[PDB]
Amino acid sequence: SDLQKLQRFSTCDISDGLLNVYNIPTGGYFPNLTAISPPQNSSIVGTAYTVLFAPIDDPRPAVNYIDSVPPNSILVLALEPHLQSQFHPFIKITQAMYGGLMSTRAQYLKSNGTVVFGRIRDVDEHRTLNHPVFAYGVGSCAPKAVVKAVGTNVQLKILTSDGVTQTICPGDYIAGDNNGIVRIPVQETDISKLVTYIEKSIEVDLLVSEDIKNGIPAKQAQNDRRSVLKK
């Protein structure tokens, strides 16, 4: 399946596909997330189940997002953009928006992992569960007094640290590894074409590496990769 193929790729491989096939200059990268609870295996990949948090004074009612987390999803939480910043810590609240009971439930429902564009708490609990969680940072405090979830399966706008606000839609493919988080925009991407290119790119990259290990200069090795991938 789509997911299965993507699970074999690093986030770097996926960005090479997005950059070179779709001319996306950032390669679909969402920067400055840390794997607080790392995946056991190489990467996590899944379809985005998005959740939007707003100030508690917002007129929209609080929603229960966690109890409907889909199997094989990546659960993706974000704040209203006014509470985001272009500089670390990247959000303007000190409270966490997601803790260990949330990971417990998401794991029960067979989610592949969580990306929080904000803070998590109960660091050791996520790790003990072995539930993968990426976040900007950590907190000790529940969100009660400041924010609440107001939307699920909505578009998420993320103010990134290059000044550009990038978006994540429901059903987008999310991949995370030690290089961070990438998103494949499913509306706009022919997954077969992308996967085919990425597979070839991995083959060619491996040969650049082996060229170098065998004493061939990088310039020559990179030139030959370019020549191959051109076609």
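In this text, residue numbers run from 1 along the sequence as written.
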**Message:** Mean Cα B factor from the PDB record: higher for 81-89, or higher for 146-154?
**Reply:** 146-154
**Item:** Higher-B stretch (mean Cα B-factor, as the entry records it), 127-135 or 113-121
**Value:** 127-135
**Prompt:** Between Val69, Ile174, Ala54, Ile191, which one tops the list for C-alpha B-factor in the PDB entry?
**Reply:** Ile191
**Request:** Would you mind checking which of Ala48, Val182, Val204, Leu33 has the top Cα temperature factor in the PDB entry?
**Result:** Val204
**Request:** Place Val21 in the lowest, middle or highest third of its chain's C-alpha B-factors, as listed in the PDB entry.
**Result:** highest
**Request:** Determine, from the deposited record, the chain-internal third of the Cα B-factor for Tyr29: lowest, middle or highest.
**Result:** lowest
**Fill in**
Assert third(CA B-factor, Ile216) within chain per record equals highest
